[PDB]
Every structure is written in structure tokens, then in C-alpha cells.
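*Asks:* Mind having a look at this structure? Questions to follow.
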Amino acid sequence: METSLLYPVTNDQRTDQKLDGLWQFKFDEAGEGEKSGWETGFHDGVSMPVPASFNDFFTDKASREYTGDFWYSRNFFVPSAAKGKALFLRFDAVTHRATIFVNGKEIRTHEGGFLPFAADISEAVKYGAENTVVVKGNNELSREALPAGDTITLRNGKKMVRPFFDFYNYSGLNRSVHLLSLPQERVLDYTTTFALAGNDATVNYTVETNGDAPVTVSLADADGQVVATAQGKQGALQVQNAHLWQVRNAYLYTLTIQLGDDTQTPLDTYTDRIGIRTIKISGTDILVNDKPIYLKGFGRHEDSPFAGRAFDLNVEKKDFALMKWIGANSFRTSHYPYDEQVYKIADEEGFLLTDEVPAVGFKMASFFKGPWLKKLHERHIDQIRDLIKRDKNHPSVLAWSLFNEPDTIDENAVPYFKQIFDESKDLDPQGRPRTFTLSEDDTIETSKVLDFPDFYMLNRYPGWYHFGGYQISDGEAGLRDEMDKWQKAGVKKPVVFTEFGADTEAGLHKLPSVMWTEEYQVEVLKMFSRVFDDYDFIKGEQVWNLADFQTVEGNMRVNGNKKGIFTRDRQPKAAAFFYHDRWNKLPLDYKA
Amino acid sequence: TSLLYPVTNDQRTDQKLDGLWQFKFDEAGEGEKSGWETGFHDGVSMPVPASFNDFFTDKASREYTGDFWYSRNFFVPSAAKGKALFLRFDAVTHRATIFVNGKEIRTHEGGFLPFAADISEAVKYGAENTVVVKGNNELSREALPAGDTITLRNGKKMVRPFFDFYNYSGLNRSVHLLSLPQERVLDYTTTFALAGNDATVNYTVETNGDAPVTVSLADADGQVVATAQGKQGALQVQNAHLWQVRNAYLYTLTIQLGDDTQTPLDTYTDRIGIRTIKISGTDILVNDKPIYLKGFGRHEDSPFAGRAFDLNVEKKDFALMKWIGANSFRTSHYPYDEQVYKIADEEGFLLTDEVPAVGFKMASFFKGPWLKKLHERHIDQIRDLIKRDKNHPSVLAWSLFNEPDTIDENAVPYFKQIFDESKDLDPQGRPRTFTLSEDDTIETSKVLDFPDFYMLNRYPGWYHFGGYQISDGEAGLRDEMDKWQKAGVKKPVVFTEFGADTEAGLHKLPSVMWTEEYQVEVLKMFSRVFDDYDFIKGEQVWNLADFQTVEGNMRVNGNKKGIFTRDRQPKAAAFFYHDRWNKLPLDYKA
Ligand SMILES: [Cl-]
């Protein structure tokens, strides 16, 4: 029930100072952190950068694999000019679980390590003095929290995780920490939808505030020129001769919201950039601004060698440099909400994102049978609400993914899907498509939930998990056989392939190819391309993965996952040049 | 005296002595004073054929320089009493003395051409006998290939070559025990002419007696199509199947000694291809049509045998060269095992046969007292090479130096002499040439009148104008190509080295030197240049596969300029040539 997830801005009514830097850090295996006073703060631990996953900074494995309570400590200054304002610490992500103490006093908890949350500390600090913030984070996985997984205990006592997902359990203060001072009466939320008529457009907005003061809304273009204004919390901004936002061709207008009448100084100002564009599913078409498009891309994680799962602006800007070069125009934020700065860059660069909530693991290799479904569901729907509230105004969000590879064959999955889909059908004012990925075991013959998603996202791995090597010929025929069945039943919704590919160890070559070589990656991708091109209802290809990424140790995991088109260092495998050639030859309206 | 390859029939036997010999180093030079020439069994087992270097875990052995000893027992059949008995050594790198049953039979200089020892009177027919080989692998400016031997401050001897490849040494090729007739074929020659659909093989036969000679040619199905009598003669082949590039057809030649009445005294058989080679101004003509050369760039180098011939690697190297569209290669920088040419003959490849005249330059050379003995051994190894490989249809040209220092005006007497003393050795009179290094250019080279066609070694984008400078390196190469064109070049030009070290697995966007992408970028550049000039009639890239090399800070475990890895898998540049070369016809530029 987060009152507001607006991204921090700086103006005369709102301040935002980052608390990033080095913190004190201590493990707590015994769980006696609070018994012995760590919540008042400490400086007898190890320095830990923020934001950063804490796991890879340690040379010993038990610390890399640590599972339990852990503590971050820091001092921060509160200016005396802040007295009277609404004061918040905004945590952009604490994986997975956090209790926040300021000066020894408990402020709040939070569940879910991938969305932001703020702590009202207005009453917990001395103004004009140094205060202390302590974070008691937790790490464990259970089937009652997203991402789904288990926590086991080695015979020697140490806890460790057995995830139901691929990626590594990178943990800790994974994203920035802000100190905010906001007006007492302020903007909490706003919403935008768009309509196009001829060369003109209309933004339809609403604004939520914690009070009754008047609301002025003003829309300015790229050069600061005001082009529409309106009064009140509902309204319609008329933009004549609009500059539409276009795939791989962004145009962003600045939106400005202010509280007060013209006898006041503005009691609050908020500011955000939005793109004027519309998204419709029509038949099997995905329409952006009423012309069909064809998705090309990935397939991503937030993973980097030094930050773990933490947001790094350098790695993010290179991922976009690469993705623009290679011809992509879309990617899915698998398998969890990304740092907010990523959606701002997709807006700036004209990319189409599939925003995913962290519901991986709904799949035991009897899931929906059990009793952890009650608590799991609360957290799932709550994480879906907060995700849609945070990112709804980004032009680059195209669709919401509400599961990843859930067990759709279990008939008991249908009551759960009915509930999730019912409870979310109206969260997004733009009413974009809501979907999920179907795993390989989940086909037109075996899935029970094919009626729900607004378009289809298939995860197919012929040539890797099935029909590998010289059997690849049988795998293509068996995929063509499935795609034949969709066609017969007459798919009325678009189909998008969202995973496929091949683990590839850069530098491994063979002629002829063998699984794991660079040549085999290309043969596999060429094979998929031949299938995609032979069916009109296939409307996009998102390969797995963009880069190689870290993973839980295992005998099938050559240090992480290696399915990337690029290495973890962000350099290209042979498959990168394949797609660089294919994707820059496919137009935006491919198949139409 | 005879370098014919061994064959098996009723007059001639041939049995390999390959396998595990005994082996000992002789750093002191006491082996003969110690009685080792009588054979020994107190050393280490060593495969033959194979270089001995890579079988030792200590660097002192791997790098050993000096006298080393091989010893083996072998059985001489009773049935062989009365024939000419021979130990034939296919290659002993670089120097050998041969002992049988402790008796010194013969010595040999040069480590890449075969020699035979007559052991007819040194054996006990019907029992075991001993063969011991005393080898040496020192280098000096008086032997090919050229280099120096130094002593370290700790006494140990170490080689410092004037060439790139590693000093792989020992019994690098098979050892045969031969049984030959007392009167036998020693040599033969072939030359060809064409006329319509008919051809003429012009042969001669060298013998060590006066018995009559009888030559017959049969086609691939065994049908006889021409006979002749006499030590000189001409076989008339009606409606001949010509030997074509990447399209071989081989006739079987059979030489037989003795008149129509006696038991046959000797039989010798070989496989030849009917085809002609002419340099017509600026074209290379095979069967009177112009060709365009594409290929490598090779070494005899494999992980486990070293320099030694390994038939598995050779058939694999050939499988790859056909896959990639190539049709030629140069046996840099020394004659190869004789099997390489027979496969070349069966696969219709064109070979440039190179004598180990490498390292004739320092970092001058033709201004030293070593030339006199160097030249002795040089023109002798030229004679042995042409005598051995004459009759192969697949040998296109002879290469008499690799990267000699032709800038000094003193190279000119020596070239003059080498080129006069080889003038009339090859009966087919194929073109004689050599490679010009980066420093030897139209502006600076003093031996440009000698070669029959020009072989160019250029490394823009690697040893000069690397990295972002590559564009200035391309411009300089076209500069030099403009000056050749200005100088009115009348002989053909073939690029025979160019390329870039590449560590398989190193990727960068944009590229940096040593990555797979940069190599493709460099090879594309050279291609752009080659295609804008008509006198350029061939591209032989360096190198086919990563090969081993002396240790140095620029050698990342050997040379890495190879299109394929030392294990013979492709780098990205493999697929660039696979695309390009399989689209250039055999008559590109005509
Ligand atoms: Cl206070």
C-alpha cells in the first residue's frame, strides 16, 4: 500500500540527496543483531558500497552464499532547513526484505526486493545534526514470496538457497537510497492516456494529492515552449500538430504539475517527461500509433560483474549502445522490475519494454496445489499493483508480464490466473496488454490458461534443452508442428517468441559445430529465424539472452548462464553479427 | 644419387622402421668415445617420426642444442642377401651421422630432405642389427636455415634463429629399410605438350646399367594408352584427360628394366598429371588458361608431432583448404614430407616448393665469410629439392629464398650465382622466385630482375600502421602498388604473406589488434587492395594454422596469424575466405 512511488525530483519545493557511498555492513547468522543493539548503528563491520549486491565483495564462499539477516549502517546529516517538511528515506530496492531503523527507532518493514518504498522519518530525526539509519535486510526464499524458492540447511548449520529461478540470489541494498524533503501537501500520483486525431493529439491526465488545493497542469515541448495547459485534477491537454513518440524515434514532452492558486507560491511542483503514443492489440497486430510493428530484441537481466544485481549507469548505457547498433527495438525486463532509470532511457531511445513482476518459480521440477498460495498471492498482486503504479506513465512500457514460466498445465492454475487477471484488469489507465511467458512444457496442447493473455509469449528451446546437436532437424520439425497447430486453431492474438537460444562459450569454435560453440549459436538462431518467417501470426523475436549473466552454481552452468549474444563483459559473440545483419534489414512494419 | 620415393613390388621392398627408438642427449660430446655408436638401451623411449622437443617436461630438454642420439634394433631378412640394401632417412633435423652395427656409414647435412645409406655390407643377414643416429640441431650462418647458437652464463647451449618457427629437431620423418635391384631406376623426368585433345609426355630415365628400358602409361581405370622403348622417348596420349586445378586426373607411369626375354630387373611406378605451366607476361597459365591463386601460408607443425609429418593433420589441413575455396599453398619454409605432394597431386592443388633458404638477413648478411659454405649447402639443397619433386603435377614454382636481405647491393652476386646454377635443373622449366620482405620493395630491392614472378610479403595493419592507423597503412600499400604499376610491371605479382595475430576468443566492438574482428577487418582491407590491380594474380594469406615459435614477448605461445587454430578449428576469418574464395572463379581477372 505504498502511498507514492513518484521518482525523486529537485526543485524549490522538493529536495533529493542520495545516501549512496560506503556503509557499514555486518552478517547476522545468530539473529541476535537487535538483542545486542546493532539498530542504534555500528562501525565495527566491513565497508559495503551502496548501491551494490553484497555477495561478490567477499573472497570466502560462505559469505557469497550467505542466507539470513544482514545489516547496513550509515550516518547522514539532516539540514535544519528541513524542519516542517515531509521527510522521507526512499529505498529504491532492498533485496528481498527490510526493516528500517532511524536513530535506533523502528520505522517500517517492506516485502519484495525489486520495487521502491519510502520511510516517513519526519519525527525520528534531529534537524540540523547527524542521524543514523540502519537496515536489517533479509535474504531467504520461500514459496510464499516472490521470487519463489526454498531455503535449506547444510548438515553443518549454514543456511543456503535452492531457488526456483535461474539467476543468482544477489542481495542487499541493490539500488540508490534518497533523502527526500517534500511539501506537506503534495502530488502523490498522476496518470496519462493518449488519443490521436489527424495531426493532433490529446493527453488525458489525472492527479492525486493529499489535499484540496488547486492543481495546474502544463505541457511543454522539447525546447521549453508551452503547448497546452489545464486546471483541475481531471483534464485534457490539446496538442495541435503533435510530435508523436515513435519506435526507435522518441519525442518527449515535459509535463509540469503544480499545487496552489495565484495568491500562493506553488505549494508543490512535480515534473516528468512523457511521450505521446498509443498502443493497441488488433487481431494479431500490435499497433503503435495505429501502424503495425514487429518486435526485435532480448532477453535481459540486471547483471554486471562488479555491481551484481545493482543498477550501474555505465553498464546500462552500453547495453543500450549495443542494442541500438544491433537493430533491436524491444526487450523484456526479466524477471523483475528494473531500476527506474532504465525506463527513462527506453523513453529517450524509443524502445518497447515488457515490464515483468518477479513471479518466477511457480513451478516445481505440484506448485498451485499447496497452502503457500494464500500469502504468495497477496505479495504477487501487491507487487503487480506497485509495479504498474511506478511505471504506468513511461511511453516505452508496452505490456505487463504477470508470470514467468509458471506451471500452466496444472488445472489448479486456472483459479489463480482468474484471480490475478481479474484484480489487475483496471490498474493501468492506458490498459496495455497483460500477459506472461509460456514455458516449453506449456504448449497449445497442454496449457490450461491460453484464454487470459492479451498476446502470447512463447519460451521454446528446440536445439538446446530438447533435440540438441544433430537432432536439431527434428527440433525444427517439432516446433513447426506446434506452430502448425496454432495456425489450425486459428490464432486471433499475436504471438511473440520471448526465449530461445544456445549456451555459447566465447572463443569455442568447431567445424562442424558442436553445442556450446559460437558456430552452433548461429545455426540455432538461423533455424528459429526460418520458422518465425514462415508464420504470419509471429509478430516478434526476443532472444535469450542479451548478455551472459550470473547464476547459481551447477554442473550445467559454466560459471553463470552463457546464452548471451554478448559476453558478460559486453563484447559480441558471432551471433551478434548475425542479428546485426538480420534485424537492420527487417522494417518496423514487417508482416502486414 | 637417388631420391625416388620407395615403392613395393616384386623387385623393390620397403619396410618402415617407425616406432619407439632409444634416445639420449650428449651435451658433452662424449657419445662416440663412450661406445654409443654400437647401440644403447639406457635412455628414454622416443617416437619416430616426431620431433623430440615436446616430449620433455623440463625446458632444458625442450631447448637442448647439440649432439643427440637415436638407437634401434632391426631385422634384416635372409631373403635380402644379394640386393642393394638401404636405410633411407626421410629427414633428420638438421645433421646426421649414420652407424650400423657400430660402423659409421654416412653423414648428411640439411634436415628436411631425404637421404639413403647403403648398408649392404654392414649387416648380418638373418639376424638383428643395430642402427644408431647421431643428430645435431645447432644453427649457424653456414647452414640452412640460418641462425646462431649462444651459450648462456650457466654453460647451456641455446639456439637463436633468424627465422620465426621453433627449432623442432630429431627424426622428423619415416625411416625405411629398402631392398633394391642391383641394376635399377635412379631418376626419371617428365615434360608435357598439348595439341587439340591430344598430349605428349616427354620422358627420360636414368639407370645405373645398360639394360633396356620400357615405359608405359595407364589411365585411372588401368587401361594402357602409351608404350615406348629407350631411355628417352615420347608417349602419345590420344584424347587425354588433363590435370586441372581442383580437378586432378592422374595417369600411372611404369618404368621397367630388361629386354623382352629375361626376368624383369626392376620396376618403378609413379603417378603423373598431364598439364603445362607457362608464365605469359603477367598471367599464370595452367593448360594455357589463366588462373588466380588463393591459399596459404603453411607450416608442418602439429601439437604432438611438432615438425614431424603426421598424415592425420595433413588430410585434415587438406579437408579444410578445399572447404575454404583455396587452390594453392606455399611450403614455407622448407620442403615438406613427400606425402604432402601426392595428396596435392590427387586434389589438384598448386604448390610453391621452398628450400630452407630462410633467415638470410639480420635485425649486412651477404657481407660475411659464411656465404661460401652457406652457398655450397644452399645450391645443393636446391638440387635435391628439384630432383625429388620434379614429376609432381602439383608443383607450380620453386622458391629459392624466403625474405633474404635484398636491400644490400652484395646480395646481387649471390643471386646471380644461385639463379645461374639452377637455370637448367627443372626439366619442365617452371618459374623460380622468392619472397620479398616488407623492407624489400619496388623502391629498395636490388634483385627484381631475377624472379620469374614476384612474391610479396606485406604487413600493413600489423607490423606497421596497426589499429586505428590501418587506413594510412592501406594508403601506403596502394602507394607501392601504384609505383609497381608505374614501373610497367610485366611479370605476375602474388601476395604470399599478410595478416594479423588473433587469439581465438578475443572479441571487441570496435575491434583491437588480436581480436577475431580485427583479423577479418585486416583481411577485408587487403582484399580491397588486391582487387584494384590487374598484375596481382594471387593471394596466399599467412597463415593456415597457428604454429609453434620461439619464446618471445610478441609470441603468445607461438604464432597466431592463422586462419585456423593450432587444433584446426576456424576463427571468424575462416568464414570470410570461405565466402570470398568460393566466389572467385579460377580465372578471376582475365
Ligand atoms: Cl529536532
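Ligands are numbered from 1 in the order shown, chains are lettered A, B, ... in the order of the C-alpha cells, and residues start at 1 in each chain.
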Can you pull out every residue within 9 Å of residue 343 (chain B), counting only C-alpha atoms, but drop anything in the same chain fewer than 3 positions away, and send it as an mmCIF file with C-alpha atoms, in the first residue's frame?
*Replies:*
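See result-v5.cif below for the written result:
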```cif
data_model
loop_
_atom_site.group_PDB
_atom_site.id
_atom_site.type_symbol
_atom_site.label_atom_id
_atom_site.label_comp_id
_atom_site.auth_asym_id
_atom_site.auth_seq_id
_atom_site.Cartn_x
_atom_site.Cartn_y
_atom_site.Cartn_z
ATOM 1 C CA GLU B 314 47.773 -33.407 -43.368
ATOM 2 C CA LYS B 315 44.452 -34.873 -44.552
ATOM 3 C CA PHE B 318 43.574 -30.593 -46.935
ATOM 4 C CA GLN B 339 53.160 -37.366 -48.944
ATOM 5 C CA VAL B 340 52.100 -33.717 -48.983
ATOM 6 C CA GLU B 346 45.311 -36.108 -56.074
ATOM 7 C CA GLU B 347 43.495 -32.908 -55.030
ATOM 8 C CA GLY B 348 44.724 -30.641 -57.825
ATOM 9 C CA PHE B 349 46.425 -28.048 -55.633
#
```
*Asks:* Identify every residue of chain B that has at least one atom within 12 Å of any atom of chain A, counting only C-alpha atoms, and report the result as a ChimeraX atom specification.
*Replies:* /B:316,319-320,323-324,502-512,515-517,564-565,567-575
*Asks:* Find, counting only C-alpha atoms, the residue in A:477, A:180, A:538, A:547 that gets nearest to residue 456 (chain A).
*Replies:* A:538
*Asks:* Give me, please, the distance in Å between CA of residue 44 (chain B) and CA of residue 147 (chain B), quoted to one decimal.
*Replies:* 28.7 Å
*Asks:* Dump the neighbourhood of ligand 1 as a PyMOL selection string: all residues within 7 Å, distances computed on only C-alpha atoms and all ligand atoms.
*Replies:* chain A and resi 125-127
*Asks:* Can you spit out the residues from that selection as a PDB file, in the first residue's frame, using N, CA and C atoms?
*Replies:*
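Saved to again34.pdb:
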```pdb
ATOM      1  N   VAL A 125      14.142  12.041  13.590  1.00  0.00           N
ATOM      2  CA  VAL A 125      15.479  12.607  13.475  1.00  0.00           C
ATOM      3  C   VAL A 125      15.549  13.962  14.152  1.00  0.00           C
ATOM      4  N   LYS A 126      16.761  14.320  14.568  1.00  0.00           N
ATOM      5  CA  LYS A 126      17.082  15.674  14.995  1.00  0.00           C
ATOM      6  C   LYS A 126      17.478  16.490  13.768  1.00  0.00           C
ATOM      7  N   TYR A 127      16.853  17.649  13.598  1.00  0.00           N
ATOM      8  CA  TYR A 127      17.164  18.504  12.466  1.00  0.00           C
ATOM      9  C   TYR A 127      18.431  19.305  12.725  1.00  0.00           C
TER      10      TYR A 127
END
```
*Asks:* I want to know what sits within 7 Å of residue 588 (chain A), based on only C-alpha atoms, with residues of the same chain fewer than 2 positions away left out; could you give that as an MDAnalysis selection string?
*Replies:* chainID A and resid 293:294 586 590
